[PDB]
file work.cif (mmCIF, C-alpha atoms and all ligand atoms)
data_protein
loop_
_atom_site.label_atom_id
_atom_site.label_comp_id
_atom_site.auth_asym_id
_atom_site.auth_seq_id
_atom_site.Cartn_x
_atom_site.Cartn_y
_atom_site.Cartn_z
CA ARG L 1 -98.59 -91.02 -29.89
CA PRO L 2 -100.18 -92.33 -33.05
CA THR L 3 -100.66 -95.87 -34.12
CA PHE L 4 -98.19 -96.98 -36.70
CA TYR L 5 -98.34 -99.77 -39.18
CA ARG L 6 -95.65 -101.63 -41.03
CA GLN L 7 -95.33 -102.14 -44.73
CA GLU L 8 -92.52 -103.28 -47.01
CA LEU L 9 -91.91 -101.08 -50.02
CA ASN L 10 -89.20 -101.59 -52.70
CA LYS L 11 -87.14 -103.79 -50.40
CA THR L 12 -87.54 -101.48 -47.33
CA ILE L 13 -89.85 -101.66 -44.23
CA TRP L 14 -91.86 -98.44 -43.87
CA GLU L 15 -93.36 -97.97 -40.43
CA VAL L 16 -95.68 -94.89 -40.59
CA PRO L 17 -98.72 -93.56 -38.71
CA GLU L 18 -102.17 -94.64 -39.89
CA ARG L 19 -102.87 -91.05 -40.73
CA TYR L 20 -100.80 -91.75 -43.87
CA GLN L 21 -102.47 -94.20 -46.27
CA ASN L 22 -101.89 -95.62 -49.77
CA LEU L 23 -98.13 -95.34 -49.69
CA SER L 24 -96.78 -95.48 -53.19
CA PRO L 25 -93.17 -95.05 -54.18
CA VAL L 26 -91.84 -92.13 -56.26
CA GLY L 27 -88.01 -92.56 -56.46
CA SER L 28 -84.77 -91.89 -54.59
CA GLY L 29 -83.32 -91.74 -48.78
CA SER L 30 -86.42 -92.90 -50.71
CA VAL L 31 -89.81 -91.28 -51.02
CA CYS L 32 -93.44 -92.34 -51.07
CA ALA L 33 -96.54 -90.59 -52.20
CA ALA L 34 -99.30 -90.96 -49.58
CA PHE L 35 -102.81 -89.78 -48.77
CA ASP L 36 -102.92 -87.92 -45.54
CA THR L 37 -106.19 -88.32 -43.74
CA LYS L 38 -105.78 -85.62 -41.16
CA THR L 39 -105.58 -83.00 -43.96
CA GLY L 40 -106.89 -84.37 -47.22
CA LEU L 41 -103.55 -83.84 -48.98
CA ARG L 42 -101.38 -85.94 -51.19
CA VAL L 43 -97.99 -85.77 -49.41
CA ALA L 44 -94.45 -87.06 -49.91
CA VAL L 45 -93.10 -89.14 -47.04
CA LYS L 46 -89.33 -89.38 -47.20
CA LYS L 47 -87.56 -92.18 -45.22
CA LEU L 48 -84.02 -91.13 -44.57
CA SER L 49 -81.32 -93.55 -45.64
CA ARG L 50 -78.98 -94.43 -42.66
CA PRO L 51 -79.47 -91.11 -40.98
CA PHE L 52 -76.84 -91.70 -38.20
CA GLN L 53 -74.30 -93.80 -40.08
CA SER L 54 -71.37 -91.45 -39.52
CA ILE L 55 -70.80 -88.02 -37.95
CA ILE L 56 -71.41 -86.60 -41.41
CA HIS L 57 -74.64 -88.46 -42.12
CA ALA L 58 -75.81 -87.46 -38.59
CA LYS L 59 -75.00 -83.82 -38.96
CA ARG L 60 -76.55 -83.81 -42.37
CA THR L 61 -79.74 -85.35 -41.01
CA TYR L 62 -79.83 -82.72 -38.29
CA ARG L 63 -79.18 -79.96 -40.81
CA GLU L 64 -81.97 -81.07 -43.15
CA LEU L 65 -84.49 -81.34 -40.35
CA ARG L 66 -83.50 -77.87 -38.94
CA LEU L 67 -83.81 -76.29 -42.39
CA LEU L 68 -87.16 -77.88 -43.19
CA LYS L 69 -88.58 -76.87 -39.81
CA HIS L 70 -87.56 -73.36 -40.50
CA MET L 71 -88.93 -72.82 -43.99
CA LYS L 72 -92.40 -71.19 -43.91
CA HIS L 73 -93.00 -69.73 -47.30
CA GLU L 74 -95.07 -70.35 -50.30
CA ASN L 75 -92.17 -70.87 -52.65
CA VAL L 76 -90.03 -73.01 -50.36
CA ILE L 77 -90.74 -76.62 -49.36
CA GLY L 78 -91.51 -76.82 -45.66
CA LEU L 79 -92.38 -79.60 -43.21
CA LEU L 80 -95.93 -81.00 -42.82
CA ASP L 81 -94.71 -83.58 -40.30
CA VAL L 82 -91.72 -85.47 -39.01
CA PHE L 83 -91.84 -88.76 -37.21
CA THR L 84 -90.01 -91.81 -36.05
CA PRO L 85 -91.52 -95.19 -35.16
CA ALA L 86 -89.07 -95.14 -32.10
CA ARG L 87 -90.67 -94.99 -28.64
CA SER L 88 -87.45 -93.48 -27.07
CA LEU L 89 -84.03 -91.97 -27.80
CA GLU L 90 -82.27 -95.30 -27.23
CA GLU L 91 -84.15 -97.03 -30.03
CA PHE L 92 -84.10 -93.93 -32.33
CA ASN L 93 -82.80 -94.94 -35.69
CA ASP L 94 -85.22 -93.90 -38.43
CA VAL L 95 -86.45 -90.51 -39.59
CA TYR L 96 -89.39 -89.79 -41.83
CA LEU L 97 -90.13 -86.35 -43.27
CA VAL L 98 -93.52 -85.34 -44.68
CA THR L 99 -93.86 -82.55 -47.15
CA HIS L 100 -96.33 -81.42 -49.82
CA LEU L 101 -96.27 -83.71 -52.87
CA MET L 102 -95.59 -81.56 -55.92
CA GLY L 103 -96.62 -82.62 -59.40
CA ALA L 104 -93.44 -82.32 -61.37
CA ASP L 105 -90.14 -80.44 -61.52
CA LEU L 106 -88.67 -77.93 -63.88
CA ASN L 107 -86.49 -80.56 -65.43
CA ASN L 108 -89.78 -81.76 -67.07
CA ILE L 109 -91.15 -78.42 -68.09
CA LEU L 110 -91.86 -72.14 -72.60
CA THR L 111 -93.36 -68.78 -73.27
CA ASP L 112 -91.83 -65.55 -71.99
CA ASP L 113 -94.92 -65.13 -69.75
CA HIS L 114 -94.56 -68.61 -68.33
CA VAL L 115 -90.87 -67.90 -67.65
CA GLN L 116 -91.72 -64.60 -65.86
CA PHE L 117 -93.91 -66.35 -63.42
CA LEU L 118 -91.61 -69.27 -62.58
CA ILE L 119 -88.43 -67.21 -62.28
CA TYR L 120 -90.37 -64.63 -60.15
CA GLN L 121 -91.42 -67.41 -57.85
CA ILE L 122 -87.83 -68.79 -57.48
CA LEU L 123 -86.59 -65.27 -56.69
CA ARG L 124 -89.31 -64.74 -54.14
CA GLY L 125 -88.35 -67.99 -52.29
CA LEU L 126 -84.72 -67.13 -52.58
CA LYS L 127 -85.34 -63.72 -51.04
CA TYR L 128 -86.81 -65.51 -48.12
CA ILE L 129 -84.07 -68.15 -47.87
CA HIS L 130 -81.27 -65.54 -48.24
CA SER L 131 -82.82 -63.42 -45.54
CA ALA L 132 -82.16 -66.24 -43.07
CA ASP L 133 -78.45 -66.24 -44.07
CA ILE L 134 -78.95 -69.52 -45.85
CA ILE L 135 -77.39 -70.30 -49.22
CA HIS L 136 -79.10 -73.02 -51.22
CA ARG L 137 -76.00 -73.84 -53.31
CA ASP L 138 -77.54 -76.49 -55.48
CA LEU L 139 -80.26 -74.85 -57.49
CA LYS L 140 -81.05 -76.69 -60.69
CA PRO L 141 -84.26 -77.60 -62.57
CA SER L 142 -84.68 -80.87 -60.60
CA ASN L 143 -84.72 -78.93 -57.25
CA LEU L 144 -87.56 -76.76 -58.33
CA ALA L 145 -90.98 -78.37 -58.06
CA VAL L 146 -94.16 -77.11 -59.82
CA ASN L 147 -97.79 -78.17 -59.44
CA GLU L 148 -100.44 -78.07 -62.25
CA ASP L 149 -101.39 -74.53 -61.05
CA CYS L 150 -97.86 -73.45 -62.00
CA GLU L 151 -97.03 -72.78 -58.33
CA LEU L 152 -93.30 -73.30 -57.70
CA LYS L 153 -91.45 -74.48 -54.57
CA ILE L 154 -87.75 -74.67 -53.98
CA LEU L 155 -86.43 -77.87 -52.36
CA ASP L 156 -83.13 -79.69 -51.68
CA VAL L 157 -79.10 -83.05 -65.09
CA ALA L 158 -75.53 -82.12 -63.91
CA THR L 159 -75.22 -79.82 -60.86
CA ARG L 160 -72.14 -78.41 -62.55
CA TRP L 161 -74.18 -76.88 -65.36
CA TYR L 162 -75.88 -74.43 -62.93
CA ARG L 163 -72.93 -73.70 -60.55
CA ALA L 164 -71.39 -70.27 -60.09
CA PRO L 165 -67.85 -70.12 -61.40
CA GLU L 166 -66.52 -69.11 -57.89
CA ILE L 167 -67.73 -72.49 -56.59
CA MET L 168 -66.17 -74.37 -59.48
CA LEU L 169 -62.92 -72.74 -58.36
CA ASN L 170 -63.35 -73.53 -54.67
CA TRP L 171 -63.48 -69.92 -53.41
CA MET L 172 -64.12 -70.15 -49.67
CA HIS L 173 -65.90 -66.86 -49.37
CA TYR L 174 -68.67 -67.02 -52.01
CA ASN L 175 -71.90 -65.20 -51.16
CA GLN L 176 -75.64 -65.72 -51.56
CA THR L 177 -75.49 -64.67 -55.21
CA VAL L 178 -74.14 -68.03 -56.20
CA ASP L 179 -77.84 -68.99 -56.16
CA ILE L 180 -78.57 -66.01 -58.46
CA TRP L 181 -76.11 -67.37 -60.95
CA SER L 182 -77.99 -70.70 -60.91
CA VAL L 183 -81.29 -68.94 -61.48
CA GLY L 184 -79.72 -67.14 -64.43
CA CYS L 185 -78.68 -70.52 -65.87
CA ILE L 186 -82.20 -71.93 -65.29
CA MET L 187 -83.93 -68.97 -66.81
CA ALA L 188 -81.75 -69.08 -69.92
CA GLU L 189 -82.58 -72.73 -70.31
CA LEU L 190 -86.34 -71.99 -69.99
CA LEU L 191 -86.24 -69.21 -72.58
CA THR L 192 -84.12 -71.12 -75.11
CA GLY L 193 -84.84 -74.78 -74.36
CA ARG L 194 -81.05 -75.49 -74.14
CA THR L 195 -78.69 -76.00 -71.16
CA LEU L 196 -76.79 -72.70 -71.15
CA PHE L 197 -73.43 -74.23 -70.07
CA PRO L 198 -73.39 -77.95 -70.50
CA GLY L 199 -69.80 -78.58 -69.42
CA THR L 200 -68.47 -82.13 -69.59
CA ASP L 201 -66.38 -81.33 -66.53
CA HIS L 202 -65.20 -78.37 -64.42
CA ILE L 203 -62.61 -77.13 -66.95
CA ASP L 204 -65.04 -77.39 -69.83
CA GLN L 205 -67.65 -75.66 -67.58
CA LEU L 206 -65.53 -72.54 -67.00
CA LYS L 207 -64.45 -72.58 -70.68
CA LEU L 208 -68.14 -72.36 -71.69
CA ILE L 209 -68.97 -69.73 -69.13
CA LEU L 210 -66.06 -67.50 -70.17
CA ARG L 211 -67.06 -67.70 -73.85
CA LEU L 212 -70.26 -65.79 -72.88
CA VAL L 213 -69.33 -63.47 -70.08
CA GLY L 214 -65.78 -62.77 -71.27
CA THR L 215 -62.40 -63.28 -69.71
CA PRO L 216 -62.32 -61.34 -66.39
CA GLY L 217 -61.04 -57.79 -66.14
CA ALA L 218 -58.50 -56.15 -63.85
CA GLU L 219 -61.24 -55.08 -61.35
CA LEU L 220 -62.09 -58.71 -60.65
CA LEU L 221 -58.55 -60.13 -61.03
CA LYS L 222 -57.21 -57.91 -58.33
CA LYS L 223 -59.68 -59.54 -55.89
CA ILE L 224 -58.11 -62.92 -56.47
CA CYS L 225 -55.30 -63.82 -54.06
CA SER L 226 -54.43 -67.18 -55.60
CA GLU L 227 -51.83 -67.16 -58.37
CA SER L 228 -53.07 -70.66 -59.17
CA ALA L 229 -56.58 -69.48 -60.03
CA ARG L 230 -55.20 -66.14 -61.34
CA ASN L 231 -52.77 -67.92 -63.65
CA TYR L 232 -55.76 -69.95 -64.98
CA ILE L 233 -58.03 -67.23 -66.32
CA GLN L 234 -55.00 -65.20 -67.60
CA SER L 235 -53.92 -68.35 -69.36
CA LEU L 236 -57.40 -69.64 -70.25
CA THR L 237 -58.61 -68.39 -73.72
CA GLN L 238 -58.77 -64.53 -73.61
CA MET L 239 -62.28 -63.72 -75.07
CA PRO L 240 -64.51 -60.65 -74.76
CA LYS L 241 -67.92 -60.17 -73.19
CA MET L 242 -70.60 -61.45 -75.61
CA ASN L 243 -73.68 -59.33 -76.21
CA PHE L 244 -76.59 -61.07 -74.56
CA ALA L 245 -79.12 -59.68 -77.14
CA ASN L 246 -76.97 -61.48 -79.74
CA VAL L 247 -77.02 -64.72 -77.75
CA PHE L 248 -80.67 -64.74 -76.62
CA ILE L 249 -81.86 -63.58 -80.03
CA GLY L 250 -85.53 -62.55 -80.16
CA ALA L 251 -86.12 -63.04 -76.43
CA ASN L 252 -87.77 -60.31 -74.44
CA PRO L 253 -85.12 -57.62 -74.01
CA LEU L 254 -86.05 -57.20 -70.33
CA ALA L 255 -85.32 -60.92 -69.87
CA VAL L 256 -81.96 -60.45 -71.60
CA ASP L 257 -81.26 -57.47 -69.36
CA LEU L 258 -81.99 -59.46 -66.15
CA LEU L 259 -79.87 -62.27 -67.57
CA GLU L 260 -77.02 -59.71 -68.00
CA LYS L 261 -77.42 -58.77 -64.32
CA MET L 262 -77.47 -62.40 -63.00
CA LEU L 263 -74.72 -63.84 -65.10
CA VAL L 264 -71.98 -61.54 -63.87
CA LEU L 265 -68.72 -63.20 -63.17
CA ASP L 266 -67.95 -60.91 -60.26
CA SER L 267 -70.17 -61.96 -57.47
CA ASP L 268 -69.74 -58.59 -55.79
CA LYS L 269 -71.59 -57.05 -58.73
CA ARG L 270 -74.20 -59.79 -59.28
CA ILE L 271 -77.79 -58.78 -58.61
CA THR L 272 -79.42 -59.98 -55.37
CA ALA L 273 -82.74 -61.81 -55.11
CA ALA L 274 -84.44 -58.78 -53.61
CA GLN L 275 -82.97 -56.59 -56.36
CA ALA L 276 -83.93 -58.92 -59.12
CA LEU L 277 -87.50 -58.88 -57.78
CA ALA L 278 -87.83 -55.16 -58.39
CA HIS L 279 -86.50 -55.54 -61.93
CA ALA L 280 -88.89 -54.41 -64.69
CA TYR L 281 -89.28 -57.92 -66.14
CA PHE L 282 -91.40 -58.83 -63.05
CA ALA L 283 -93.47 -55.68 -63.27
CA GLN L 284 -96.68 -57.67 -63.48
CA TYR L 285 -95.99 -59.84 -60.28
CA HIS L 286 -93.67 -57.81 -58.10
CA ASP L 287 -95.28 -56.59 -54.94
CA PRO L 288 -92.89 -55.52 -52.14
CA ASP L 289 -95.57 -56.09 -49.49
CA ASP L 290 -95.96 -59.68 -50.53
CA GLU L 291 -92.30 -60.68 -50.58
CA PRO L 292 -91.65 -61.65 -47.02
CA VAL L 293 -88.38 -62.37 -45.23
CA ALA L 294 -87.65 -65.17 -42.80
CA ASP L 295 -87.21 -65.38 -39.09
CA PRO L 296 -83.56 -65.53 -38.21
CA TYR L 297 -82.08 -68.98 -38.28
CA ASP L 298 -79.58 -70.33 -35.76
CA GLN L 299 -76.75 -71.77 -37.84
CA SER L 300 -74.24 -72.07 -34.92
CA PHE L 301 -74.50 -75.85 -35.06
CA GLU L 302 -72.70 -75.68 -38.41
CA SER L 303 -69.39 -74.81 -36.75
CA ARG L 304 -69.82 -77.56 -34.04
CA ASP L 305 -67.87 -80.85 -34.10
CA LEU L 306 -69.88 -83.41 -32.21
CA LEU L 307 -70.26 -87.08 -31.58
CA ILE L 308 -72.64 -89.22 -33.66
CA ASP L 309 -74.78 -89.77 -30.61
CA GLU L 310 -74.95 -86.04 -29.91
CA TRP L 311 -76.08 -85.18 -33.44
CA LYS L 312 -78.52 -87.99 -33.06
CA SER L 313 -79.89 -86.70 -29.83
CA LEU L 314 -80.22 -83.15 -31.20
CA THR L 315 -82.15 -84.57 -34.10
CA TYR L 316 -84.42 -86.51 -31.74
CA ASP L 317 -85.10 -83.26 -29.81
CA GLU L 318 -86.17 -81.61 -33.10
CA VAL L 319 -88.48 -84.50 -34.02
CA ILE L 320 -90.13 -84.35 -30.57
CA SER L 321 -90.51 -80.56 -30.49
CA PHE L 322 -92.06 -80.33 -33.97
CA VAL L 323 -95.21 -78.12 -34.10
CA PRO L 324 -97.21 -78.90 -37.22
CA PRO L 325 -98.55 -76.03 -39.28
CA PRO L 326 -102.28 -75.05 -38.93
CA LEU L 327 -104.99 -76.25 -41.32
CA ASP L 328 -106.07 -73.65 -43.95
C1 LIG J 1 -57.07 -66.22 -51.19
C2 LIG J 1 -57.35 -67.54 -51.84
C3 LIG J 1 -58.09 -67.18 -53.14
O1 LIG J 1 -57.86 -66.14 -53.78
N1 LIG J 1 -58.97 -68.11 -53.49
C4 LIG J 1 -59.73 -68.02 -54.57
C5 LIG J 1 -59.70 -69.10 -55.42
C6 LIG J 1 -60.48 -69.08 -56.56
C7 LIG J 1 -61.32 -68.00 -56.80
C8 LIG J 1 -61.37 -66.91 -55.97
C9 LIG J 1 -62.26 -65.87 -56.25
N2 LIG J 1 -63.12 -66.03 -57.29
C10 LIG J 1 -64.05 -65.13 -57.59
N3 LIG J 1 -64.86 -65.31 -58.61
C11 LIG J 1 -64.28 -65.30 -59.88
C12 LIG J 1 -64.47 -66.69 -60.30
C13 LIG J 1 -63.90 -66.86 -61.61
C14 LIG J 1 -64.25 -68.01 -62.31
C15 LIG J 1 -63.80 -68.33 -63.60
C16 LIG J 1 -62.95 -67.45 -64.23
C17 LIG J 1 -62.57 -66.29 -63.55
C18 LIG J 1 -63.03 -65.99 -62.27
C19 LIG J 1 -64.19 -63.97 -56.85
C20 LIG J 1 -65.16 -62.99 -57.16
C21 LIG J 1 -65.26 -61.81 -56.39
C22 LIG J 1 -64.38 -61.68 -55.32
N4 LIG J 1 -64.43 -60.60 -54.60
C23 LIG J 1 -63.39 -62.66 -55.03
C24 LIG J 1 -63.29 -63.82 -55.78
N5 LIG J 1 -62.37 -64.78 -55.49
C25 LIG J 1 -60.59 -66.95 -54.82
#
call {"tool": "encode", "arguments": {"input": "work.cif", "output": "C-alpha cells"}}
result
Amino acid sequence: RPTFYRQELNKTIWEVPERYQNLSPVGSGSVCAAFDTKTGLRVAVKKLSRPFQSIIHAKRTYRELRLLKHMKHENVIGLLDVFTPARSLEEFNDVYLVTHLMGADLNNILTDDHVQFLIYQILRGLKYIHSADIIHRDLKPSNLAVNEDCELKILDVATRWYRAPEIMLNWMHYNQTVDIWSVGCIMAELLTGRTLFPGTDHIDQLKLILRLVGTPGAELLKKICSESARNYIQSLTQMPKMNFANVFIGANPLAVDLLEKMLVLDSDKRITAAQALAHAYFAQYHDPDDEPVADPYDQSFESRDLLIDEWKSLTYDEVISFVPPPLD
C-alpha cells in the first residue's frame, strides 16, 4: 500500500501515490501529466469524474477499466496503473487510471509515406482490438495519439464526420468494419488535408457520403428491412458512384484503391483490418508475424443489469487485482 499525498489541481483534490510527481494538468474526467519515479516515464493520470453516479456511470467506469486492463499492444493504449486513495470498498469513490503520456494527436498532425505509416499502425491496433470482439466505434483524429517518433496508439472535431453510415441510421447489427469506415475517413483527411465528410448534422452527413459512394444498389437495399430507412435512400438524391481517382486526384493510386475498399457503403463488403493490412499500400510495413491478435475478452458483463453498488464492487475487484506490466 503506497503512501499517497494530496494536492488540489484546477478546482479538484488529487490524492495520488508519491511514485507520481510533478502533476500538471492537460485537459478534460480530467487528466494530469506526471513523472513516474518507479519507471522514469512521463505518464497521464486520469481522475474519473463521478465514477459511480448512476448505474450508467458505474457500468461505464467498469467497462473502461476492463478494456484498459485487457489491451496489451503497441498500437493500443493500455494501463500502466490503476489506483484509488480508498483503504476499503466502503469508502471507495475515486478511480485514477495511469497510461503512457503521448505527445499529440492526429487532430494536430502529410506525405504519402507519413500516411502509410500512421494508417498501418491504426490498422494493426484495430486488428488486435477486433480480434477480441471489441468494436471501438468512435475512431477520429482526436482518439489517435502519436509521439515524436511517429508511433501511434489508439485510445478512447465532430464524431459524426468519421461515423459509418449504418450507425448514423441506427442499424442494430453493425459489425467491426464500422471502425474501418472511420479509418477510411481519417486517411482521406490525412492525404488531402480536408475533412472528407464534414456534415452539419446526420442528414447532411449521409447526403455528403452518398455524393461520393453513390446511392445504394439493389444488392444492399434488399438487406434493409426498414421501409423508413429504405424510403430514405430511395428518396434521397439518386447519384452514382464517384471515381475515387477523380476525387483524390494525384494521390498514390494504391492509397485510392484502399480508400475504395474501406469506404464501401455495404458493410458486408467493406475490407477488414486484417485484410487491409495485407493490401499492397502497406507493402513496406506489413509483416504477418508481427501483427498479433488479442486474448479473448469476457464481454458478458455488457448484457448484465446490475445495481450501482454491484458495478462499483466489480470495479473495486478490478482495481485490487491489477497486475502492472513488467519494466522493459
Ligand atoms: C430490420 C430493421 C432494419 O432494417 N434496420 C436498419 C435500419 C437502418 C439501416 C439498416 C442497415 N443499414 C446498412 N447499411 C447501409 C447504411 C446506409 C446508409 C446511408 C444510405 C444507405 C444505406 C446495412 C448494410 C449491410 C447490411 N447487411 C444491412 C444493413 N442494414 C438496417
call {"tool": "residues_around", "arguments": {"input": "work.cif", "residues": "residue 318 (chain L)", "least_positions_apart": "2", "cutoff": "9 Å", "atoms": "all atoms listed in the file", "output": "PDB file with C-alpha atoms, keeping the file's coordinate frame"}}
result
ATOM      1  CA  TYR L  62     -79.830 -82.720 -38.290  1.00  0.00           C
ATOM      2  CA  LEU L  65     -84.490 -81.340 -40.350  1.00  0.00           C
ATOM      3  CA  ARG L  66     -83.500 -77.870 -38.940  1.00  0.00           C
ATOM      4  CA  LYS L  69     -88.580 -76.870 -39.810  1.00  0.00           C
ATOM      5  CA  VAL L  82     -91.720 -85.470 -39.010  1.00  0.00           C
ATOM      6  CA  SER L 313     -79.890 -86.700 -29.830  1.00  0.00           C
ATOM      7  CA  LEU L 314     -80.220 -83.150 -31.200  1.00  0.00           C
ATOM      8  CA  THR L 315     -82.150 -84.570 -34.100  1.00  0.00           C
ATOM      9  CA  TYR L 316     -84.420 -86.510 -31.740  1.00  0.00           C
ATOM     10  CA  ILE L 320     -90.130 -84.350 -30.570  1.00  0.00           C
ATOM     11  CA  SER L 321     -90.510 -80.560 -30.490  1.00  0.00           C
ATOM     12  CA  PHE L 322     -92.060 -80.330 -33.970  1.00  0.00           C
TER      13      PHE L 322
END
call {"tool": "residues_around", "arguments": {"input": "work.cif", "residues": "region 120-128 of chain L", "least_positions_apart": "6", "cutoff": "7 Å", "atoms": "all atoms listed in the file", "output": "list in words"}}
result
residues 75, 76, 152, 154, 273, 274, 277, 282, 291, 292, 293 and 294 of chain L
call {"tool": "residues_near_ligand", "arguments": {"input": "work.cif", "ligand": "ligand LIG 1 (chain J)", "cutoff": "6 Å", "atoms": "only C-alpha atoms and all ligand atoms", "output": "CSV table (one decimal) with C-alpha atoms, in the frame of the given file"}}
result
chain,number,residue,atom,x,y,z
L,165,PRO,CA,-67.8,-70.1,-61.4
L,166,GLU,CA,-66.5,-69.1,-57.9
L,169,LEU,CA,-62.9,-72.7,-58.4
L,170,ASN,CA,-63.4,-73.5,-54.7
L,171,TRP,CA,-63.5,-69.9,-53.4
L,206,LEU,CA,-65.5,-72.5,-67.0
L,216,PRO,CA,-62.3,-61.3,-66.4
L,223,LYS,CA,-59.7,-59.5,-55.9
L,224,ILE,CA,-58.1,-62.9,-56.5
L,225,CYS,CA,-55.3,-63.8,-54.1
L,226,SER,CA,-54.4,-67.2,-55.6
L,229,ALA,CA,-56.6,-69.5,-60.0
L,233,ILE,CA,-58.0,-67.2,-66.3
L,265,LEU,CA,-68.7,-63.2,-63.2
L,266,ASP,CA,-68.0,-60.9,-60.3
L,267,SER,CA,-70.2,-62.0,-57.5
L,268,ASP,CA,-69.7,-58.6,-55.8
call {"tool": "residues_around", "arguments": {"input": "work.cif", "residues": "residue 138 (chain L)", "least_positions_apart": "3", "cutoff": "8 Å", "atoms": "only C-alpha atoms", "output": "list in words"}}
result
residues 143, 156, 159, 162, 163, 179 and 182 of chain L
call {"tool": "closest_atom_pairs", "arguments": {"input": "work.cif", "of": "region 91-162 of chain L", "to": "region 10-29 of chain L", "cutoff": "10 Å", "atoms": "only C-alpha atoms", "output": "tab-separated table"}}
result
residue	atom	partner	partner_atom	distance
L:94	CA	L:15	CA	9.3
L:95	CA	L:29	CA	9.8
L:96	CA	L:16	CA	8.2
L:98	CA	L:20	CA	9.7
call {"tool": "closest_residue", "arguments": {"input": "work.cif", "among": "L:305, L:189, L:200, L:311", "to": "residue 115 (chain L)", "atoms": "all atoms listed in the file"}}
result
L:189
call {"tool": "closest_residue", "arguments": {"input": "work.cif", "among": "L:255, L:276, L:43, L:221", "to": "residue 81 (chain L)", "atoms": "all atoms listed in the file"}}
result
L:43
call {"tool": "atom_distance", "arguments": {"input": "work.cif", "atom1": "CA of residue 280 (chain L)", "atom2": "CA of residue 210 (chain L)"}}
result
26.9 Å
call {"tool": "closest_residue", "arguments": {"input": "work.cif", "among": "L:209, L:203, L:198, L:93", "to": "residue 58 (chain L)", "atoms": "all atoms listed in the file"}}
result
L:93
call {"tool": "residues_around", "arguments": {"input": "work.cif", "residues": "residue 186 (chain L)", "least_positions_apart": "5", "cutoff": "10 Å", "atoms": "all atoms listed in the file", "output": "PyMOL selection string"}}
result
chain L and resi 106-107+115+119+139-141+161-162+180-181+191+193-196
call {"tool": "atom_distance", "arguments": {"input": "work.cif", "atom1": "CA of residue 63 (chain L)", "atom2": "CA of residue 299 (chain L)"}}
result
9.0 Å
call {"tool": "closest_residue", "arguments": {"input": "work.cif", "among": "L:53, L:99, L:142, L:177", "to": "residue 130 (chain L)", "atoms": "all atoms listed in the file"}}
result
L:177
call {"tool": "residues_near_point", "arguments": {"input": "work.cif", "point": "(-79.2, -66.9, -75.1)", "cutoff": "8 Å", "atoms": "all atoms listed in the file", "output": "list in words"}}
result
residues 188, 191, 192, 196, 244, 245, 246, 247, 248, 249 and 256 of chain L
call {"tool": "atom_distance", "arguments": {"input": "work.cif", "atom1": "CA of residue 257 (chain L)", "atom2": "CA of residue 288 (chain L)"}}
result
20.9 Å
call {"tool": "axis_aligned_box", "arguments": {"input": "work.cif", "around": "region 155-169 of chain L", "padding_each_side": "6 Å", "output": "AutoDock Vina command-line options"}}
result
--center_x -74.7 --center_y -76.1 --center_z -58.5 --size_x 35.5 --size_y 25.9 --size_z 25.7
call {"tool": "closest_residue", "arguments": {"input": "work.cif", "among": "L:190, L:132, L:146, L:48", "to": "residue 72 (chain L)", "atoms": "all atoms listed in the file"}}
result
L:132
call {"tool": "closest_residue", "arguments": {"input": "work.cif", "among": "L:263, L:283, L:34, L:134", "to": "residue 102 (chain L)", "atoms": "only C-alpha atoms"}}
result
L:34
call {"tool": "build_atoms", "arguments": {"input": "work.cif", "residues": "region 129-138 of chain L", "atoms": "N, CA, C and O atoms", "output": "compact mmCIF listing (two decimals), in the coordinates of the input"}}
result
# COMPACT_ATOMS: atom_id res chain seq x y z
N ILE L 129 -85.14 -67.29 -48.35
CA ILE L 129 -84.07 -68.15 -47.87
C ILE L 129 -82.79 -67.34 -47.48
O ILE L 129 -82.23 -67.51 -46.37
N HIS L 130 -82.42 -66.42 -48.38
CA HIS L 130 -81.27 -65.54 -48.24
C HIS L 130 -81.36 -64.62 -47.04
O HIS L 130 -80.35 -64.36 -46.40
N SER L 131 -82.56 -64.20 -46.70
CA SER L 131 -82.82 -63.42 -45.54
C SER L 131 -82.50 -64.17 -44.27
O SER L 131 -82.27 -63.56 -43.28
N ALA L 132 -82.48 -65.49 -44.29
CA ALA L 132 -82.16 -66.24 -43.07
C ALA L 132 -80.65 -66.50 -42.97
O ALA L 132 -80.20 -67.23 -42.08
N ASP L 133 -79.88 -65.93 -43.89
CA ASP L 133 -78.45 -66.24 -44.07
C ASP L 133 -78.22 -67.69 -44.49
O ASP L 133 -77.23 -68.33 -44.10
N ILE L 134 -79.13 -68.20 -45.31
CA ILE L 134 -78.95 -69.52 -45.85
C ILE L 134 -78.64 -69.41 -47.32
O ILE L 134 -79.27 -68.61 -48.03
N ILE L 135 -77.70 -70.20 -47.79
CA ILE L 135 -77.39 -70.30 -49.22
C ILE L 135 -77.86 -71.68 -49.67
O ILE L 135 -77.58 -72.67 -49.03
N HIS L 136 -78.56 -71.74 -50.77
CA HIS L 136 -79.10 -73.02 -51.22
C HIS L 136 -77.93 -73.80 -51.73
O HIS L 136 -77.72 -74.92 -51.32
N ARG L 137 -77.16 -73.23 -52.66
CA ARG L 137 -76.00 -73.84 -53.31
C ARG L 137 -76.19 -74.90 -54.36
O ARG L 137 -75.22 -75.27 -55.05
N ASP L 138 -77.35 -75.46 -54.49
CA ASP L 138 -77.54 -76.49 -55.48
C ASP L 138 -78.82 -76.31 -56.27
O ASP L 138 -79.58 -77.28 -56.51
